[PDB]
Amino acid sequence: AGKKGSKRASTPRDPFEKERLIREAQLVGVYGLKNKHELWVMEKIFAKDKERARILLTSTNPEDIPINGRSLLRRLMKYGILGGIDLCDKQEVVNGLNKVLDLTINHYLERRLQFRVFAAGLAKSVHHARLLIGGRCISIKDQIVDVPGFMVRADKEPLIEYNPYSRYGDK
Amino acid sequence: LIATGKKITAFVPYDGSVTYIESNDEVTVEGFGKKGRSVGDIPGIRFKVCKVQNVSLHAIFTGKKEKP
Amino acid sequence: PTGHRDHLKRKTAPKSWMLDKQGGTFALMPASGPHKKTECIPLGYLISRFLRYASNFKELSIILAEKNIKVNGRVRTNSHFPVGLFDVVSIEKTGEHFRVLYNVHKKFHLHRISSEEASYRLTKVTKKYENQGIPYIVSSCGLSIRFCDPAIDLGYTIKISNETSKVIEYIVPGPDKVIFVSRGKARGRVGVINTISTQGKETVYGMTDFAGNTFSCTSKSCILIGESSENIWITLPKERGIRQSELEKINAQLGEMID
Amino acid sequence: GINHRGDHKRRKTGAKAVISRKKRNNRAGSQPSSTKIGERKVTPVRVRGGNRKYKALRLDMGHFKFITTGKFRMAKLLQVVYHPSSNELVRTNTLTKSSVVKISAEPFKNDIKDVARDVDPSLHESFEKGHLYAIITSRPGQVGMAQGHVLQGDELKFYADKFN
RNA sequence: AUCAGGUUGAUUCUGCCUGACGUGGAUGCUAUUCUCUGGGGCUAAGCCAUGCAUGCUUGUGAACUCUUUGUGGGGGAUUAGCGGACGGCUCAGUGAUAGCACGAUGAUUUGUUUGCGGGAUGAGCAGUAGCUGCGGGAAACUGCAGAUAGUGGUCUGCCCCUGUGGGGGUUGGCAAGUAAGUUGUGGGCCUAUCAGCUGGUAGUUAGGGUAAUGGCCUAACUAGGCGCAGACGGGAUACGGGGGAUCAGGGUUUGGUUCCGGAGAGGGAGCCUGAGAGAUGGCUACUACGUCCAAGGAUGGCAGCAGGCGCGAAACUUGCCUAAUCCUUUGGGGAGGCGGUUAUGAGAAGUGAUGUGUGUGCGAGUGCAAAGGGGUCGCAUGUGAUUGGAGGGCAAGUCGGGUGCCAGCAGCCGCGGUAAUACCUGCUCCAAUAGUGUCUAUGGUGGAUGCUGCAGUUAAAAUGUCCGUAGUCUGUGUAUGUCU
RNA sequence: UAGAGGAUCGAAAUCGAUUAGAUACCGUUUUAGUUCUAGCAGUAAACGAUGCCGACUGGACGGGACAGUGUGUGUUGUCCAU
């Protein structure tokens, strides 16, 4: 009647490895994540793109970089991960397909709503932003967004505000 | 074995737990987990008591349930 | 399993009908009659999904039992009646006429036309036989016409009156004509013949779109609709059947990529 | 009953049969009808599609054709003298297709007098005993009638060596 | 595209055993919310109490009835017609006679649908349903008399094959579309402690039967047909595909289960009606188990939806529906829809916070066939963590107290004999977290089955020696454009 | 298994020693067998514990056969590198 579903996360190949357990305890500390499932969700998201860029460079089919090259560069720019590239020069693009491979897992954890109610100063810390996103006190220009994992867009970032009908509002 | 009428021996795991069972009791047994060989220093036994009259044997030992 | 089936599950309905995957388990089963089964749509979907007149089925059966519809100038009251390619649908109140076509995405399409264009039909000649002392020819929508010219053969396009059902004039296929592809890989594309060659009992038409693209297709998936590039016998849809490729669709949205 | 499927035969290599189905009315057959001579009796049977066959159980009065003149006459059937497959069908007077019968000679009295007693003298000798020979080319169990032609010359000599 | 622990006083190897990661079934403890998706297949294709799952349409108008009354009306029984061959359930049989792919039907039939064609208002006799009466029987079921539409014979005419004779038939058609039947070649379940197999068996000629080709069947005659490129046999939990799992590449494993194809309705057989059935919510017989009786008879078929018993480690409601989707579109519909029940899987939020409760409850409106829920508003209000571990492999204590090779632990290596980092009990800490452990099957792990890509002097393994047929190799089956 | 033959040695049997005891090692008496002809059988640490065929690759001291004349071809033993 639809689909069974699918899995968003994965699991580490070896459970108890200290060089991997030390840097994961930081990310759930500096960004206030809720458990390890949220972090392996975002790793798979960020790893799909790299595997997509390498195939676009070793491609003998001459009509690939035009269509699918720039397609994947528009999609990143829309979210605030890459800068601004002139999508008309064959060399200014293939250098943009070389900066996709040199990325962090911080360029993705920072386009997320729990961290955007912090940079644009509205909350004390990332343990308060989660407490008043769920309380229905943030509104992206018309919408009362309520889930602290909404991945904001570039051309919609500055429009954040309080909820003009909430207790933190004027009415 | 109620299903096939074969005779078997099984091992009763925990401390002081052989004394909840009586004779003419019913019991659920399962494997050991090593492909049909014996494990440790227990010779000849390939099975393991699990329940005693529909109550978990591991829960009676930890105090979560009451004896039958 | 030796007796005929009377139901359609919705997963198996043709893609041209544009039916939603959910929305029930069944779909309307079409009746026998004029066109083939893989080349028709039931009448009841055309009045409630492509015109959005009736919002229901209690209402759709008030529009058909009050005798307000005419397929090819002939009243129809059955919602399972099948409608095919190049057919005229008329509606008296709120006087209108439509012709049944395809997209370039190969879906169905209703194209509004005028009143002196709603007296036409184009079909191919497929069979030819003699019975009882009369010569006949068989259309591709299935009719027989008696007492036509003695010089009409298999393949030619004929123009049917649609208000007396009699031939008017025809087209013989040759270079510098126009074509509509009614099925296959290239369904819904209009071209202009360049070469006609043969193979192991086949004829293949090299074609050329109205934008320069090239083309090729057998003679069983094509109907002639014109004498030359400015003498077409029907009105084409908004886009004329171009099918721009996917290189040429991002440049529209993104510009070119020069070195 | 009779059934014309081949699901029960040995295979091309000699292997025994394996059946995984009951019989179907699709392939049902009949017992042989055995058309004898005397006192016409034909029966209509209902076949697939609602259609109709005619099954002759007894027949008189064939419908034969004299070939040299091209005229049909209706003669009377006297007895059977040869069948190419089974001669136990001659002792019973059963009328299948391509059986040779002895026919009554009066109705052809005008026709036979355009041939001399020259190269066909064996056709004129049996005419004076009162009979001619014919052959049946219809299927009496499928259409309900006998219909053939008279033997002359090459044919009449080829078959005459068979039934003596 | 990854490895670790274990044979020695120490060393390098060979070799398997165990850990570390997924997935399907069963099971222990523990649980706040919503959204999508699943649930008596494995054992017994075992046996079934009760309710429902199939009925409609008239150019047909009986009893009865009305009117101040007549080629008048109401009324609705029965005739006639259409449907019940689909839909739904299940996986016993079947290893290719089924299924998938590409072909032949010039060897065939097809109600309803579409467009053309076609049609006895003549004589003369028989005679029926409902209806009006007399009745039989425990029942289930049934008879006789009376009187009437449709109707059934026979003549007459019409049509067909013939004709210098005659003999048949009773109005049945053409072309598309839809459906169905028949048929050719090709494909890795395991097995040689299965090597020779076959009598309608291989062919010819004639006929019968069929909607139709054909040993499909019969009469006569010829002696053929298959096989190490595996015939003919035997075994295991064998319904075939579309599909699923695992994951560098190459591969290995699985599919009772939504969609399409097949087969079956306790077991076997045989048939009627019909355009279509070898039909089982049709009939007839034998056979397994039965049920009701006044004893003489009469009867049954849940592998349809709920439900019960049995079996087992193993699986939900005897609920609501004249609404959506369709079939037969205000008739019928357990098809299908709507909730309820359950740690089936997958996704998303919580268990608090200092400036100003992510919960629970109630009230409006919305929503529906009627209701749950949900989301848009307000009112009070304040609750909500476990499971497995701490000697090494493998993240985390030589911490307190008990026991003394005992009781117990431990996949593997190993621990315990009064000096326990390993057992029992209390604290403290570790991993994942509405979850987390155990038993069983299976992919990877495994270059530990090796096409890519192993080994064979001594670790397991080159045969006591030559000759030699089939096969492989050598000597003299390809790539690619266009269309389908 | 059949015929022929019979010097030497010798399982089995037997005594004498040795020994705690030796049905053994050592010895005495004495056989089948050990040989030949005709056959059956089909095994070995039947071993270099080392399939068969084809292409290519450094030195030193030798042997055996043939042919040449200062060397060649087929085989083969020992010793040093890569």
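Convention: sequence-line order gives letters A, B, ...; per-chain numbering from 1. Heavy atoms only: backbone and side chains are in, while hydrogens, waters and symmetry mates are out.
- Between D:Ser33 and D:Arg11, the one whose closest nucleotide on RNA chain E sits nearer the 5' end is D:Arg11.
- With its glycosidic angle within 90° of 0, E:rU257 adopts the syn conformation.
- A salt bridge is absent between D:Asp7 and D:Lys23; no separation between the charged side-chain nitrogens and carboxylate oxygens falls under 4.0 Å.
- Base stacking is absent between E:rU354 and E:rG355; the centre distance of their six-membered rings and the plane angle do not both fall under 5.5 Å and 30° respectively.
- Nucleotides E:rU257 and E:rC239 have their P atoms positioned 9 Å apart, rounded to a whole Å.
- Among the nucleotides E:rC483, E:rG276, E:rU358, the one closest to the side chain of D:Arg48 is E:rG276.
- Closest to the side chain of A:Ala1, from the set E:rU330, E:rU37, E:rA269, is E:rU37.
- No hydrogens or angles were tested; on distance alone, nothing pairs the side chain of A:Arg130 with the base of E:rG350 as donor and acceptor under 3.5 Å.
- What separates NZ of D:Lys9 from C1' of E:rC217 is a distance of 9 Å, to the nearest Å.
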Taking only nitrogen or oxygen atoms into account, show me every contact under 3.5 Å that the protein makes with nucleotides 400-402 of chain E, one pair per line with its distance.
none

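- No Watson-Crick or G-U wobble pair links E:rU381 with E:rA462 with both defining distances under 3.5 Å.
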Verdict with supporting geometry, A:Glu38 and A:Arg8, salt bridge (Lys or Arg N to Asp or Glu O under 4.0 Å): CA-CA 9 Å; A:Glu38 309 196 346; A:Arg8 294 185 87 204; over 6 Å; no

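- To the nearest angstrom, P of E:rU328 lies 11 Å from CG of C:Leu28.
- A sub-4.0 Å separation between OP1 or OP2 of E:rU2 and a side-chain N or O of A:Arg13 is present.
- Distance CG (C:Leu8) to P (E:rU325): 16 Å, rounded to an integer number of Å.
- Comparing E:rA98, E:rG207, E:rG169 by their closest approach to the side chain of D:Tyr54 singles out E:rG169.
- Remark: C1' of E:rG118 and CG of C:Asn131 are 13 Å apart, rounded to the nearest angstrom.
- When each of E:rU97, E:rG274, E:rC326 is scored by its nearest atom to the side-chain atoms of D:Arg46, the top-ranked nucleotide is E:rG274.
- For E:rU110, one of the phosphate oxygens OP1 or OP2 lies less than 4.0 angstrom from a side-chain nitrogen or oxygen of D:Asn51.
- A cation-pi arrangement is not found for C:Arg146 relative to C:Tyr136, the charged atom failing to lie both closer than 6.0 Å to the ring centre and inside a 45° cone about the ring normal.
- One finds no side-chain N or O of B:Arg46 lying less than 4.0 angstrom from the OP1 or OP2 phosphate oxygen of E:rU440.
- What separates CZ of A:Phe16 from P of E:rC430 is a distance of 13 Å, to the nearest Å.
- OP1 or OP2 of E:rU387 lies within a sub-4.0 Å distance of a side-chain N or O belonging to B:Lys64.
- Remark: F:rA22 does not pair with F:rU18, failing the Watson-Crick or G-U wobble criterion at under 3.5 Å for both atom pairs.
- Closest to the side chain of C:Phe26, from the set E:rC412, E:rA275, E:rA335, is E:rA335.
- Here D:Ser86 does not reach the OP1 or OP2 of E:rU218: none of its side-chain N or O atoms lies under 4.0 Å away.
- If C:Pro1 and C:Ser61 are placed on RNA chain E by their nearest nucleotide, the residue sitting closer to the 5' end is C:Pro1.
- Across the protein-nucleic acid pair, B:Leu57 atom CG and E:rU438 atom P stand 17 Å apart, rounded to whole Å.
- A cation-pi arrangement is absent between D:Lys109 and D:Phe66, since the terminal nitrogen or guanidinium carbon is not both under 6.0 Å from the aromatic centre and inside a 45° cone about the axis.
- Here the nucleotide nearest the side chain of C:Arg146, chosen from E:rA313, E:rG117, E:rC161, is E:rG117.
- Within 3.5 Å, a donor on the side chain of D:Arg139 pairs with an acceptor on the base of E:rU210, or the reverse.
- Classification of the E:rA460/E:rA461 step: stacked, the six-membered rings being closer than 5.5 Å at their centres and less than 30° apart in plane orientation.
- Put simply, the side chain of D:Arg27 and the base of E:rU108 share no donor and acceptor less than 3.5 Å apart.
- Its glycosidic angle being within 90° of 0, E:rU463 falls on the syn side.
- Using the rule of two distances under 3.5 Å, E:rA206 and E:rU218 count as a Watson-Crick or G-U wobble pair.
- On the basis of its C1'-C2'-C3'-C4' angle being negative, E:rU329 carries a south sugar.
- Closest approach to the D:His4 side chain among E:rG181, E:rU210, E:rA175 is made by E:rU210 (side chain taken as heavy atoms from C-beta onward).
- The CG atom of A:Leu33 sits 12 Å away from the P atom of E:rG350 (whole-angstrom rounding).
- OP1 or OP2 of E:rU210 has at least one side-chain nitrogen or oxygen of D:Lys53 nearer than 4.0 Å.
- Sugar puckers are classed by the sign of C1'-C2'-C3'-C4'; that of E:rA192 comes out south, on the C2'-endo side.
- Aromatic ring centres of D:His149 and D:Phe64 lie farther apart than the 6.0 Å criterion allows.
- Classification of the E:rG274/E:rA275 step: not stacked, the six-membered rings not being both closer than 5.5 Å at their centres and less than 30° apart in plane orientation.
- Atom-to-atom, NZ of C:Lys37 to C1' of E:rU114 comes out at 15 Å; the value is rounded to the nearest Å.
- The shortest distance between the side-chain N/O atoms of D:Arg10 and the OP1/OP2 oxygens of E:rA202 is not below 4.0 Å.
- With the cut-off at 3.5 Å for both distances, E:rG127 forms no Watson-Crick or G-U wobble pair with E:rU328.
- Pairing check for E:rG235 against E:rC189: the Watson-Crick or wobble criterion is satisfied, both distances under 3.5 Å.
- Pairing between E:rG207 and E:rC217: present (Watson-Crick or G-U wobble, both distances under 3.5 Å).
- A salt bridge is defined here as a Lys NZ or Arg NE, NH1 or NH2 lying under 4.0 Å from an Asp or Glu carboxylate O, and C:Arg187 with C:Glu39 fails to meet this definition.
- A donor atom on one side chain and an acceptor atom on the other are found under 3.5 Å apart for D:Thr96 and D:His83.
- For C:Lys9 and E:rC259, the shortest distance from a side-chain N or O to OP1 or OP2 is below 4.0 Å.
- Rounded to whole Å, the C1' atom of E:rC271 lies 40 Å from the corresponding atom of E:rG76.
- The closest side-chain donor-acceptor pair between C:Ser219 and C:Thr203, if any, does not fall under 3.5 angstrom.
- Consecutive residues E:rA390 and E:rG391 do not stack, lacking base ring centres under 5.5 Å apart with planes under 30°.
- Stacking of D:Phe72 onto the six-membered ring of E:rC161 is not present when judged by under 5.5 angstrom between centres and under 30° between planes.
- A:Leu122 pairs by the side-chain contact (heavy atoms from CB on, under 4.5 Å) definition with A:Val117, A:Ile160, A:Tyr162, not counting sequence neighbours.
- The phosphate of E:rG181 has OP1 or OP2 within less than 4.0 Å of a side-chain N or O from C:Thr2.
- Taking 4.0 angstrom as the limit, A:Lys4 places none of its side-chain polar atoms (N or O) nearer than this to OP1 or OP2 of E:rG345.
- Within a 6.0 Å radius of NZ in A:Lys44, other residues, nucleotides and ligands contribute more than 12 heavy atoms.
- In summary, A:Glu24 and A:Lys18 do not engage in a salt bridge, as defined by a charged side-chain N under 4.0 Å from a carboxylate O.
- With hydrogens and angles left out, the side-chain atoms of C:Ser221 and C:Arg183 include a donor and acceptor closer than 3.5 Å.
- E:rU329 and E:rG339: their P atoms are spaced 28 Å apart (whole Å).
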